[PDB]
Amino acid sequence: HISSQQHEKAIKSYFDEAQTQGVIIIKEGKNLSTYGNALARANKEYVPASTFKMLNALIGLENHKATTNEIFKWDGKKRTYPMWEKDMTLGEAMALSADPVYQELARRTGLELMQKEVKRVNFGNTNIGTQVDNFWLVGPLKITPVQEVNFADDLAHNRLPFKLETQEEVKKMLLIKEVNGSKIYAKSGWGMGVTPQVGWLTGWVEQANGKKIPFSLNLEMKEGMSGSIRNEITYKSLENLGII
């Protein structure tokens, strides 16, 4: 009974109140809905940053460069964040968004196979350039919020061109929240070495009844913003719309 004008206003205000510019795309069935305080971002290209980890893991697992219980050892070198200084599975690394593990996995895949697989699944502008272990951070790979939500929709419904088992193993890594019999699966992203900086949270909601509603939030991150503003705007938006 809440008007769409009111939903649009409330979700715009969540971005306004985080002092950022952003959009959140929701897809119900085949219909895309765009909300937020910067709608024109929906079809603009940004680096995928750590959202690329979902496809890196699909490619690595499909091509047997890793398994889901293999432990990627910390090599003992200092990492940007102390929580990355430990040994972890692809799964743990997904939740911590640990770039060093994903960089190692990309190097096992190698530049040639990586290029072929990123073209094969049709991700973003599909260009990875000549450096297998940084193309998702500063270019040249870019992707729009519409393309990210369509990727999430594909993964949520096992539609990507990988085995069903590869897709389920990656999906199991992405569970971030359970809210009233609803499950939220998502990957966050924060591209710090592009200007302006870009924040992402892309995934889907699995409702109690089995329906999956994919989303993609995309915003401008600014110095001394907390990463958790991405989750908060998302949960508020999905709750406002009655998806969770």
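In case it trips you up, residue 1 is the first one in the sequence shown, and so on.
Peer 1: Between 41-49 and 205-213, which has the higher average C-alpha B-factor in the PDB entry?
Peer 2: The stretch with the larger average C-alpha B-factor is 205-213.
Peer 1: Which is higher on mean Cα B factor in this entry, 143-151 or 160-168?
Peer 2: For C-alpha atoms only, the mean B-factor is higher in 160-168.
Peer 1: Based on the entry's values, in what third of the chain does the Cα temperature factor of residue 237 lie: lowest, middle or highest?
Peer 2: Lowest third, going by the recorded CA B-factors of the chain.
Peer 1: Would you check the entry's CA temperature factor for residue 77 and let me know if it's in the chain's lowest, middle or highest third?
Peer 2: Its C-alpha B-factor, which the entry lists for residue 77, ranks in the middle third among residues of this chain.
Peer 1: So where's residue 129 on the chain's Cα temperature factor ranking, which third?
Peer 2: Highest third of the chain for residue 129's C-alpha B-factor.
Peer 1: Going by the recorded CA B-factors, say which third of the chain residue 194 sits in, lowest, middle or highest.
Peer 2: Highest third of the chain for residue 194's C-alpha B-factor.
Peer 1: Ranked by Cα temperature factor within the chain, is residue 96 in the lowest third, the middle third or the highest third?
Peer 2: Answer is middle: the recorded C-alpha B-factor places it there.
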